[PDB]
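Coordinates in review
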Amino acid sequence: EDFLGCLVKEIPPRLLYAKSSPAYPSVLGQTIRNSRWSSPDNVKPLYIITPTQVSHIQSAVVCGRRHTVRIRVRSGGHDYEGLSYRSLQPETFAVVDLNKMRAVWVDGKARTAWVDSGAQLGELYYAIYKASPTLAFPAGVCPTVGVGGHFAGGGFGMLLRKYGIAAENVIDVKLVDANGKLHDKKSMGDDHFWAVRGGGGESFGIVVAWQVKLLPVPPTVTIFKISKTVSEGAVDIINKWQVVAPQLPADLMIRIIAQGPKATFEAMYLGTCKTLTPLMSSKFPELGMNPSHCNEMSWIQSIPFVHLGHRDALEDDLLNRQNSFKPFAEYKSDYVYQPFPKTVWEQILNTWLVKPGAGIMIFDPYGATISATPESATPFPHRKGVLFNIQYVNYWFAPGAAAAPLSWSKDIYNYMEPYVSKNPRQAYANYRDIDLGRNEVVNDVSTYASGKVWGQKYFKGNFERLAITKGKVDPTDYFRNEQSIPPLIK
Ligand SMILES: *Cc1cc2c(nc3c(=O)[nH]c(=O)nc-3n2C[C@H](O)[C@H](O)[C@H](O)COP(=O)(O)OP(=O)(O)OC[C@H]2O[C@@H](n3cnc4c(N)ncnc43)[C@H](O)[C@@H]2O)c(*)c1C
Ligand SMILES: [Cl-]
Ligand code: NA
Ligand code: NA
């Protein structure tokens, strides 16, 4: 009652939603991306606040502290476990939903931009394009992902070999801390500014906006998508890829998608077909690339082309808030440091990807710029020595059909254990997976020991620094979820 009373005192009431508000179901659902988490059995927020100004965010946080109601912040809603808008067990929380805070102000000459956290990646990319056809920003492949959660968790895409992760191309932030105080890099200090850029969402406060550096790209880039079935030699070709791809020049990234006994090699090359063709013949002739495979286009056009295979619908693909795609979805991830034996590739392609409920596997090669950053330089630790990341993606489209895909996801993770990183088994924070472990709360504070179990998987040797920083900026564990950094205090 009095939390709401506090809010109503400080924030326009049209931006406040209670469970009985006519628009509450629509507002809650607008950026839910996973049909597992939209159904009525999920724990729902007591209130939703949709700020349009930073002062609204500050007021909400102050009210939450005064009245001990915790807040889960949502930007784009893509959290794989829905932790921006649901809790796992019954509890009281509000959602602060930033979708109305979505401005992207580009300074083309300075090669910087201020990007509100509620902007989607496609809007960031498009605004850069409206300023220049030869500037880019290295973030993810999915246009509807929110800036806020993506940057907080690191963020990587088809420019990761050239420029690293999104969070390491952030030069300032505007942030509201657990006390409602507005911060930037200077006021935050080294530890807090280190942590917020890749240490995971929620834990380190609400980032309102991010200042980014913009990076040059050639006026023409080249994409190819070359598939090989097992009959066409996929096993031998992927067995070569895993050694070659992380060693290729920074201008060339060749990822793989597999969803049966066939691998699709998807490349983005910062250059022309004319130079790509001989590069491929020299470094990876086994793929059989020739100029007919080239698709030359602008960098901005590569975003819909890579993700959707579209060539012709730039605005529709990048400026999309309809939320039409809502699979039931499960996700896992791994990091690989040692090449798989050929027999493991055989099993993956011929056996694991031909099972009931089998998902898709996406393999992103590292090396080059992402791997040149030291493991501790940012919270994202998956750097030197990484050959590739694996994402295991399971989509399905019927309620009551979760058993088979969920079992497959668990079973393949067990199969892969001997071949991927260990001690700890590394995972990417933005590919959130609650089965890696969850927090225990004691005396209303997430415990350090429970956080460490999953935290070392996402953050390796950076976990303790994250937790000490958490203890300094939020000792009472105000901004938390089931898998957020616990405070480590004296
Ligand atoms: C759905 C989806 C996700 C993808 C896709 N492709 C990706 C890619 O090419 N590269 C990647 O690096 N990641 C990809 N992912 C995963 C996303 O990066 C993650 O799912 C992001 O965490 C999503 O961010 P967002 O859409 O903003 O999701 P939310 O659910 O709102 O938040 C996630 C997490 O972060 C906290 N949080 C949100 N907003 C803030 C702010 N402003 N400040 C701090 N913390 C914030 C939330 O509370 C939550 O814990 C492709 C597709 C299709
Ligand atoms: Cl996620
Ligand atoms: Na290890
Ligand atoms: Na999951």
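Numbers given for residues start from 1 on each chain and follow the written sequence, which can depart from the numbering in the entry; residues without coordinates are excluded. To label them, take the chains in the order written and letter them from A, then take the ligands in the order written and number them from 1. Note that the side-chain values use all heavy atoms of the structure and ignore hydrogens as well as water.

In terms of determination method and resolution, the entry is listed under X-ray crystallography at 1.300 Å.

1. Overview of the overall build of the chain
Where we set the bar: Secondary structure elements are taken from DSSP: a helix is a run of H or I of four residues or more, a strand is a run of E of two residues or more, and numbering for both begins at the N terminus. For every residue, the accessible area obtained with a 1.4 Å probe (protein chains only) is divided by the maximum for its type, and the residue is called buried under 20%, exposed over 50%, and partly exposed between those limits. Should any heavy atoms of two residues lie within 4.5 Å, those residues are considered in contact. Per-residue accessibility takes into account occlusion by the displayed protein chains alone, with areas from the Shrake-Rupley method and a 1.4 Å probe. Under the counting rule used here, the positive set is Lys and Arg, the negative set is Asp and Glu, and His together with the chain ends is not counted. In this description, the location of a charge corresponds to atom NZ of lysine, CZ of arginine, CG of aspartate or CD of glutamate.
A tally of regular secondary structure across the chain gives 17 helices and 20 strands. A principal-axis box enclosing the C-alpha atoms of the chain has dimensions of 70 × 50 × 45 Å. When each of the 490 residues of the chain is scored for burial, the buried share is 60%. In the chain, the proportion of contacts linking residues at least 24 apart, taken out of those at least 6 apart, comes to 74%. Counting every atom, the chain has about 19000 Å² of accessible surface; 52% of that belongs to carbon and sulfur. Of the charged side chains in the chain, 53 are positive and 43 negative; the average position of the first set lies 2 Å away from that of the second.

2. Concerning the site of ligand 1
Counted only if it meets this: By convention in these notes, a residue is near a molecule or strand provided one of its non-hydrogen atoms lies within 4 Å of it. Polar contact is the term for a pair of N or O atoms within 3.5 Å; when the atoms are in protein, one must be able to donate a hydrogen and the other to accept it, and sequence-neighboring residues count only if both atoms are side-chain atoms. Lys, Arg, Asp and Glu make up the charged group, whereas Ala, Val, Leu, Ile, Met, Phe, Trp, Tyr, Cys and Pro make up the nonpolar group; the residues left over, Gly among them, are polar. Delimitation of the domains relies on an automatic or database domain assignment.
Neighbouring ligand 1 are 31 residues, the closest being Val 73, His 78, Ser 84, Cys 142 and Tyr 428. Within the side chain of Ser 84, a nitrogen or oxygen atom sits 2.6 Å from an oxygen atom of ligand 1. Within the backbone of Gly 146, one N or O atom sits 2.8 Å away from an oxygen atom of ligand 1. Burial of ligand 1 by the protein amounts to 95% of the accessible area it has alone, namely 960 Å². A per-element tally of the shell around ligand 1 places helix α5 (residues 147–152) first, with three residues. Among the residues forming the shell around ligand 1, the class breakdown is eleven nonpolar, 16 polar and four charged. Each of two domains, domain 1 (1–101) and domain 2 (102–219 + 298–324 + 424–490), supplies a minimum of three residues to the shell around ligand 1.

3. Brief notes about the UniProt feature "domain: FAD-binding PCMH-type" (unreviewed entry) in the chain
Heads up, the rule is: UniProt positions are given in the numbering used here, feature names are shortened, and annotations may be inferred rather than shown by experiment.
Using the residue numbers shown here, the UniProt feature "domain: FAD-binding PCMH-type" (unreviewed entry) corresponds to residues 41–217. Along residues 41–217 one finds 25% helix and 24% strand; the C-alpha atoms at either end are 46 Å apart.

4. Describing the packing of helix α1 (residues 2–10) against helix α3 (residues 54–66)
Our working rule: In this analysis an axis means a line fitted to C-alpha atoms, helices contributing only their contacting stretch, and an angle means the value between N-to-C directions, from 0 to 180 degrees. Angles below 35 degrees are treated as roughly parallel, those above 145 as roughly antiparallel, those between 65 and 115 as roughly perpendicular, and all remaining angles as oblique. Handedness of a helix crossing follows the sense of rotation of the near helix relative to the far helix, less than a right angle counterclockwise being left-handed and clockwise being right-handed.
Look at α1 against α3: their axes get within 9 Å of each other, and the N-to-C directions meet at 155°. Judged by the inter-axis angle, α1 sits roughly antiparallel to α3. The hand of the α1/α3 crossing is right-handed. Listed contacts from α3 to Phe 3, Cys 6, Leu 7 and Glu 10 of α1 are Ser 59, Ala 60, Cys 63 and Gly 64. Among the residues forming the contact of α1 with α3, the class breakdown is five nonpolar, two polar and one charged.

5. What to know about the coordination of the sodium ion (ligand 4)
For clarity, the threshold we go by: For Na, K and Ca the donor cut-off is 3.2 Å, and for all other metals it is 2.8 Å, counting N, O and S atoms only; because water is absent from this set, sites may look incomplete.
In the first shell of the sodium ion (ligand 4), the protein supplies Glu 81 (OE) and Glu 330 (OE), at 2.3 Å from the metal. Of the two residues, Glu 81 sits in the loop between β3 (70–74) and β4 (93–97) while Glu 330 sits in strand β16 (residues 328–336), which places them 249 residues apart along the sequence.

6. A look at the sheet that holds strand β2 (residues 47–49)
We apply this condition: Pairs of strands are assigned from DSSP output, requiring at least two bridges between the strands.
Here four strands make up an open sheet; going across it, the order is β1-β2-β4-β3 and the pairing mixed. Taken across any chain shown, the strands that pair with only one partner, and hence form the sheet edges, are β1 (16–18) and β3. Across the sheet, the axes of successive neighbouring strands diverge by a mean angle of 20°, strand direction being ignored. As paired strands, β1 and β2 are joined by three bridges and run antiparallel to one another. The residue bridging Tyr 17 from the neighbouring strand is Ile 48, located in β2. Sheet contacts for α1: β1, β2 and β4; angle to β2, the most-contacted strand, approximately 20°.

7. Description of the nonpolar core
Put simply, the test is: Put simply, buried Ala, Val, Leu, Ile, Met, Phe, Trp, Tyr and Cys residues joined by side-chain atoms within 4.5 Å make one nonpolar core.
Of all hydrophobic cores here, the largest spans 126 residues; its most connected members are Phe 151, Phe 224, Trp 241, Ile 254, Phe 265, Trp 299 and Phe 340. Lining this core are residues from two domains, each supplying at least three of them: domain 2 (102–219 + 298–324 + 424–490) and domain 3 (220–297 + 325–423). Not counting chain neighbours up to four residues away, the residues in contact with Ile 254 comprise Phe 224, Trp 241, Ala 245, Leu 248, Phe 265, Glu 266, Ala 267, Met 280, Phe 284 and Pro 365. Formed by 27 residues, the second largest nonpolar core is a distinct cluster that contains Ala 18, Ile 57, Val 73 and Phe 479.

8. A closer look at the packing of helix α13 (residues 342–352) against helix α15 (residues 403–416)
Two elements in contact, α13 and α15, have axes separated by 12 Å at closest approach and are oriented at 165°. Classed by the angle they form, the pair α13 and α15 counts as roughly antiparallel. As for how α13 packs across α15, the hand of that crossing is right-handed. Between α13, through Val 344, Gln 347, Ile 348 and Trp 352, and α15, the contact on the second element is made entirely by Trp 408, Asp 411, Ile 412, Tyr 415 and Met 416. Residues belonging to the contact of α13 with α15 are distributed by class as follows: seven nonpolar, one polar and one charged.

9. Observations regarding the pairing of β16
Remark: a regular strand shows side chains that alternate across the two faces of the sheet. With nine of nine residues buried, β16 is to be regarded as a mostly interior element. What you see with β16 is no split at all: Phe 328, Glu 330, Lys 332, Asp 334 and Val 336 on one side and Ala 329, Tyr 331, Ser 333 and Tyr 335 on the other are buried throughout. Taken together, the nine bridges between β16 and strand β18 (residues 388–396) define a ladder with antiparallel strand orientation. Bridge pairing in β18 places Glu 330 opposite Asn 394.

10. Here's the deal with a nonpolar patch on the surface
Put simply, the rule reads: Any residue with relative accessible area above 30% and no salt bridge may belong to a patch, with like charges joined within 9 Å and the nonpolar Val, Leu, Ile, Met, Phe, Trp and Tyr side chains within 5 Å. Basic side-chain nitrogens of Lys or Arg form a salt bridge, by our definition, when they fall within 4 Å of a carboxyl oxygen of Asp or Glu.
Taken together, the side chains of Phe 325, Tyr 395 and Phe 397 define a hydrophobic patch exposed on the protein surface, amounting to about 350 Å² of accessible area. Tracing the backbone through its elements, the reader meets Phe 325 in the loop between α12 (314–318) and β16.

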